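Engineer: So I've got this experimental structure, pasted below with the sequence.
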Amino acid sequence: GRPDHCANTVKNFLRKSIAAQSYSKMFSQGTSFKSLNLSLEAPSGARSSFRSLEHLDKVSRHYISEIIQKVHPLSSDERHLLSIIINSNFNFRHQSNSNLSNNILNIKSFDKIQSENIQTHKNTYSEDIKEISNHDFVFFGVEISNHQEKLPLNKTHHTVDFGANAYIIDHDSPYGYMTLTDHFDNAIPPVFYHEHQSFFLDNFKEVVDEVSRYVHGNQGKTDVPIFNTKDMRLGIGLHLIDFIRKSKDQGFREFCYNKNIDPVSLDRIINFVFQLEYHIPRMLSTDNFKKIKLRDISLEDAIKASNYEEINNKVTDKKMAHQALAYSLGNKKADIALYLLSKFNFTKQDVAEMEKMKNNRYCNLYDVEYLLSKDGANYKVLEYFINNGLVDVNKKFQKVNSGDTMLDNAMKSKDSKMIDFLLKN
Amino acid sequence: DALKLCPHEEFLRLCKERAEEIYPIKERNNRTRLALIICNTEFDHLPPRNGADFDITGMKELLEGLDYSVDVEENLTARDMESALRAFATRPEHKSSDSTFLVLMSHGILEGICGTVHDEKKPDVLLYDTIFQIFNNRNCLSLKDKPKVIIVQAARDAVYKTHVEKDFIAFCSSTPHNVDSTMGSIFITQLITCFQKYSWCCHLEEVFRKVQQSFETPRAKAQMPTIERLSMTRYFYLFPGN
Amino acid sequence: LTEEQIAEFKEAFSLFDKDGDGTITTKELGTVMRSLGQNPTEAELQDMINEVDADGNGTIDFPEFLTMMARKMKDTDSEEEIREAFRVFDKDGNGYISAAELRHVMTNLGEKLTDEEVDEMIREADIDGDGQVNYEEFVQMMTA
């Protein structure tokens, strides 16, 4: 009844609206949804109503009913495991090579980053962005939390290490959604690709060849189960008990049906049988988080992630700055390149020494002028290199596409700004 | 370093005893072996191909360890690819050479490889038959009766040909666009390693067969590389280090 | 107001009747409720269990469960309540709230949240880019 209560209702409403926009994008721009009878109409006006959220709840109810009818009678061990998973809370992990956390951890979605850069044109849309359109969601791996082992229990999602820094949150988001695998890839790999394969190889048998299986709804393959935050635990548990009943390894069955099952063991089982993926709409900004540095990162991964801290630590000499600027131009990270150009003063002899770099991939393969002209993103640094006279405009390439000049790369990328710049200079 | 070299005495012995069964080798002195790598990474109307730089560098270093001078062309249209191959075939260093390698890497269809400005509504493709025509015994006298190796990596009457398209071999990979590594390709990586460890003792096709055997796992048998348009009648020992 | 084909609660309930009795145990109530995405406190659980037959040893039938879920679902905030919560901060009576007014409300009142989050939700409230926020229109647009 206090004014705080009304402000809380207001902000809950606005967060609901943000999530509604994200889910409307996903359900209207997703081509795979139309074949599965799960598609949704586009927003009539500028924004979308809560009908995307009720559609999310409807498809969650659909998948819950599909898995409940598959096993309506439940045994005692099945229901005991179901209660264990229903009452267990999750940790959600996002891995990146970038520094996403200071006093506060702020992770943004793909679409938010696009809208923030305000690049003039839209490059060709990738298949995932088109088939699932989950690109306004921050993605997370899922682990069990009632453990006191080292916090990153699992370090790989779809056998991919998405970064050295692991950011972990311990609270469910009210408007996130869970899938049993990747929303794009609905297949789990063989055992040789699983991180914690040693435990299962040592203690379990036929599950090794039973675990690699398309996890799909009754509509068939490519039917990815979607569960909302309220229904996720039940769906996870029911699909898990379906798989366990299908399994012939009695050891695995009685391990996952142990009444006093270990939480870390349960996480191993859920990371084995499934590869759960959690999605929080648009941004994720909180003060309650844990940051774990799993490993050191390479200078090139640092340039790609724009991790200025690791860059400054690793780039201390001009010979290392040559590598850094090469990796910046090759990976089209113009701002990092300009930071390096201000912090280190580069001369023409520096570019000559960069041309001789055989350790670096980009400079050993390509001419530096080629690297400057390849994409419009490097325009600024190109400008810097030409206004400061570090490279001559009419220089003919001697490594890749020999005989061509930077004007040719400009005409390939169809960037009129680069063409005008090169023509007048 | 990784490329194992064939001992010189074995080179002499195999050239003497099985000369009628292998392609002749020009002396390292005054030899001008050339190889060409065409690779399209950025496309106007198609998804980008990443990790191609790793494959370019690996293929370049391997071909140079095999004593080939490598030309590398990137982001070319189909017409520019045809012109580049035609120019390479009229390169006259091939007269002082004994073989050639053509590594073509891009997206592709069944009929040919895709250029940069390619779309389903207006296609931009270099046909494989065009490639084999440009280098046949009639249009490329410098490489007549010399082995011609075409490594292709793609994603997603005519009897005259059988008389003029001689001494060709094609090793083709057709792994889909996204299946893997952003730091390489499994086909190019396996090829480089098999060359590095088996070129010293086995001929080109034996190395190709060992690549194929490396793809015999149940998870990789689907993307097995294929040997196509074999016009060879002798065996090509690359005799590395000689 | 009233429930409609949300009797799918029964499905969840039926996953937890060990016997065909159609009877869950009191000890399981919370669990079953958490199966439906609800997080009842121990006080609410005790109040619900005392309403149901206390004498019977862990005997809750689906009629009683559905009666409890009826209130649990009818206690969700309504559209007009959200509209009133908006109007609490617009003493102008104009029907609009300044973007800075809403920002001050969210920074110095309610549950604390990061400034980037308040920026995102101010962007959501500020459709046109102007200082105005038509709360009536916005909440009506969001409620289908």
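Structural biologist: Cool, the structure landed. Residues are numbered from 1 along each chain as shown, chains lettered A, B, ... in the order given.

Engineer: Quick one: the helices in chain B, in order.
Structural biologist: B:8-17, B:52-65, B:78-89, B:128-134, B:159-164, B:186-198, B:204-214 (DSSP state H).

Engineer: TSV please, covering those and showing distance to residue C:100 and mean neighbour count.
Structural biologist: Yep, even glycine has a C-beta here, placed from its N, CA and C like the rest. Converted to TSV, those look like this (distance: least, Cβ to Cβ, whole Å; neighbours: other Cβ atoms under 10 Å in any protein chain shown):
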stretch	distance to residue C:100	mean neighbour count
helix B:8-17	83	13
helix B:52-65	50	20
helix B:78-89	58	18
helix B:128-134	66	19
helix B:159-164	77	11
helix B:186-198	57	20
helix B:204-214	66	18
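
Engineer: Could you say which one of these comes nearest to residue B:99?
Structural biologist: Residue B:99 lies closest to helix B:204-214 among those, at 9.2 Å (Cβ to Cβ).

Engineer: can you give me the angle that closest one makes with helix B:186-198?
Structural biologist: 120 degrees (axes from the mean of the first three to the mean of the last three Cα atoms, to 10 degrees).

Engineer: Does anything pack onto helix B:204-214? Which helices or strands?
Structural biologist: Using 3 or more Cβ pairs under 8 Å, 6 or more residues apart in numbering or on different chains; DSSP states H and E, the elements in contact with helix B:204-214 are strand B:168-173, helix B:186-198, strand B:226-228.

Engineer: hmm, who's touching that helix?
Structural biologist: B:147, B:149, B:169, B:171, B:187, B:190-191, B:194-195, B:198-199, B:202, B:220, B:224-225, B:227, B:232, B:235-238 (Cβ atoms under 8 Å, 6 or more residues apart in numbering or on different chains).

Engineer: could you redo the last one with a cut-off of 6 Å?
Structural biologist: B:171, B:190-191, B:194-195, B:198-199, B:224-225, B:227, B:236 (Cβ atoms under 6 Å, 6 or more residues apart in numbering or on different chains).

Engineer: can I get those residues in CSV with distance to chain C?
Structural biologist: As requested, the contacts of helix B:204-214 are arranged in CSV below (distance: Cβ to the nearest Cβ, whole Å):
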residue, distance to chain C
B:171, 53
B:190, 47
B:191, 49
B:194, 52
B:195, 53
B:198, 57
B:199, 57
B:224, 47
B:225, 50
B:227, 57
B:236, 63
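
Engineer: Closest one to residue A:51 out of those, please.
Structural biologist: Nearest to residue A:51 among the contacts of helix B:204-214 is residue B:224, at 48.8 Å by Cβ to Cβ.

Engineer: list the contacts for that closest one?
Structural biologist: Neighbouring residues of residue B:224 by Cβ under 6 Å, 6+ apart: B:212, B:215.

Engineer: Just confirm yes or no for the helix or strand harbouring residue A:84 near chain C.
Structural biologist: Per DSSP states H and E, residue A:84 falls inside helix A:76-86. Yes - against chain C, helix A:76-86 shows contacts by Cβ under 6 Å from any Cβ of the partner chain at A:83, A:86.

Engineer: after that helix, next one along is what?
Structural biologist: Next along from helix A:76-86, by DSSP H and E: strand A:90-96.

Engineer: Is any residue of that following strand near chain C?
Structural biologist: No - using Cβ under 6 Å from any Cβ, strand A:90-96 never reaches chain C; the gap is at least 13.0 Å.

Engineer: Against which helices or strands is that strand packed?
Structural biologist: Here strand A:90-96 is seen to pack against strand A:137-144, strand A:165-169 when contacts are counted using 3 or more Cβ pairs under 6 Å, 6 or more residues apart in numbering or on different chains; DSSP states H and E.

Engineer: How about the stretch 1-150 of chain A: which residue is closest to chain C?
Structural biologist: Using Cβ to the nearest Cβ, the single residue of the stretch 1-150 of chain A nearest to chain C is residue A:7, 3.3 Å away.

Engineer: Which residues of chain C lie near chain A?
Structural biologist: Going by Cβ under 6 Å from any Cβ, the residues of chain C near chain A are C:11, C:15, C:31, C:34-35, C:37, C:82, C:85, C:88, C:105-106, C:109-111, C:114, C:116-117, C:120-121, C:124, C:142, C:144.

Engineer: which among the residues you listed end up buried?
Structural biologist: Buried by 16 or more other Cβ atoms under 10 Å in any protein chain shown: C:11, C:15, C:31, C:34-35, C:37, C:82, C:85, C:105-106, C:109-110, C:114, C:117, C:120-121, C:124, C:142, out of the residues of chain C next to chain A.

Engineer: and the nearest residue to residue A:374 once chain neighbours are set aside, helix, strand or coil?
Structural biologist: Nearest residue to residue A:374, sequence neighbours excluded (Cβ to Cβ, 6 or more residues apart in numbering or on different chains): residue A:409, at 5.6 Å. Following DSSP: H, G, I helix; E, B strand; the rest coil, residue A:409 is assigned to helix.

Engineer: Count the neighbours of residue A:409 for me.
Structural biologist: Residue A:409 has 24 neighbours, counted by other Cβ atoms under 10 Å in any protein chain shown.

Engineer: Which single residue in chain C comes nearest to chain A?
Structural biologist: Closest contact between chain C and chain A, by Cβ to the nearest Cβ, is at residue C:37 (2.2 Å).

Engineer: show me the contacts for that residue.
Structural biologist: Each residue near residue C:37 by Cβ under 6 Å, 6+ apart is listed here: residue A:230.

Engineer: That one: which element?
Structural biologist: Counting by DSSP H and E, residue C:37 is found in no helix or strand.

Engineer: Distance check, it against residue A:384.
Structural biologist: 55 Å (Cβ to Cβ, to the nearest Å).

Engineer: what's the answer for residue A:210, then?
Structural biologist: According to Cβ to Cβ, residue A:210 stands 58 Å off from residue A:384.

Engineer: about what we covered before: so which of the contacts of helix B:204-214 comes closest to residue B:80?
Structural biologist: residue B:171 (24.0 Å).

Engineer: Bridge partners for that closest one, pull those for me.
Structural biologist: residue B:151, residue B:227 (DSSP bridges).

Engineer: List the residues that contact it.
Structural biologist: If you count contacts by Cβ under 6 Å, 6+ apart, residue B:171 has them with B:151, B:208, B:225.

Engineer: Pretty sure residue A:214 sits against residue A:185.
Structural biologist: No - in this structure, residue A:214 is not within contact of residue A:185 by Cβ atoms under 6 Å, at 10.2 Å.

Engineer: Please list all residues in contact with residue A:164.
Structural biologist: By Cβ under 6 Å, 6+ apart, the contact set of residue A:164 is A:97, A:294-295, A:297.

Engineer: Show the buried residues in these.
Structural biologist: A:97, A:297.

Engineer: can you narrow the contacts of residue A:164 to ones near chain B?
Structural biologist: Applying Cβ under 6 Å from any Cβ to those, none is adjacent to chain B.

Engineer: Restricted to helices, list the contacts of residue A:164.
Structural biologist: Judged by DSSP H, helices contain none of the contacts of residue A:164.

Engineer: Now tabulate the contacts of residue A:164 in JSON lines and tack on distance to chain C.
Structural biologist: Output for the contacts of residue A:164, formatted as JSON lines (distance: Cβ to the nearest Cβ, whole Å):
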{"residue": "A:97", "distance to chain C": "21"}
{"residue": "A:294", "distance to chain C": "25"}
{"residue": "A:295", "distance to chain C": "28"}
{"residue": "A:297", "distance to chain C": "25"}
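
Engineer: from the contacts of residue A:164, which ones fall inside strands?
Structural biologist: The members of the contacts of residue A:164 all map outside strands under DSSP state E.
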